[PDB]
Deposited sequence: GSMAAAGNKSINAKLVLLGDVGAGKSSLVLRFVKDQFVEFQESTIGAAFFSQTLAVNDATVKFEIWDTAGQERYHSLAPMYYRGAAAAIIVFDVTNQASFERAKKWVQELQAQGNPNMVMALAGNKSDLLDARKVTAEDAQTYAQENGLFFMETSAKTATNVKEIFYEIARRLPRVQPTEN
């Protein structure tokens, strides 16, 4: 019923590929069902390396949703995620549904980014934060469903 382009954003090693692979490659069509309605996601992966940063607007143009992924064990990945958020808000459609995915939550000894910082950031910027694990499947299905729930 509802067709939506979803862009995935995040620097290398955050878990961008692992997450879409656990959920379902650089491109996927994925159909979900919420509340008597159908959502078919077109999912666009993007290159997360800094040298390719200026190319991303080509990919996130017209997107109805974005998952911005970071690695909770890597503070720089969180800094990168915040910049994506600012950019999408400066230069993306105000209607876009943004999800902040905090990946590799299963990793205990290694965690460097608190849920408070991430949650607080998300709350002040009109998005939602969700801890995920591709490894254990925690919140992988849910984050895509929560996007599809929120689509206008």
item	value
Chain regions without C-alpha coordinates, deposited sequence numbering	1-9, 34-46, 175-181
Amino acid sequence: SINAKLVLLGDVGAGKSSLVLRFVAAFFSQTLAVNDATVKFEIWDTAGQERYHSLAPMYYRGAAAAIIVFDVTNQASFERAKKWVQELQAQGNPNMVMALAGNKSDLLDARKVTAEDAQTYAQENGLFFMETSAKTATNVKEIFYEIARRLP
From here on, numbers count along this sequence of modelled residues.
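Take the two forms, superpose them, and find the largest set of C-alpha atoms that agree within 1.5 Å; that set is the rigid core.
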query	finding
Stretch farther from the shown model on average in 4 other deposited structures of this protein, with CA RMS computed after core superposition (28-36, 62-70)	28-36
Comparing 102-110 and 83-91 where Cα RMS over structures and residues is taken in 4 other deposited structures of this protein (core fit), larger one	102-110
Comparing 28-36 with 58-66, the one whose average Cα B-factor in the PDB entry is higher	28-36
Mean C-alpha temperature factor, higher of 41-49 and 104-112	104-112
Maximum C-alpha temperature factor, selected from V85, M96, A118, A99	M96
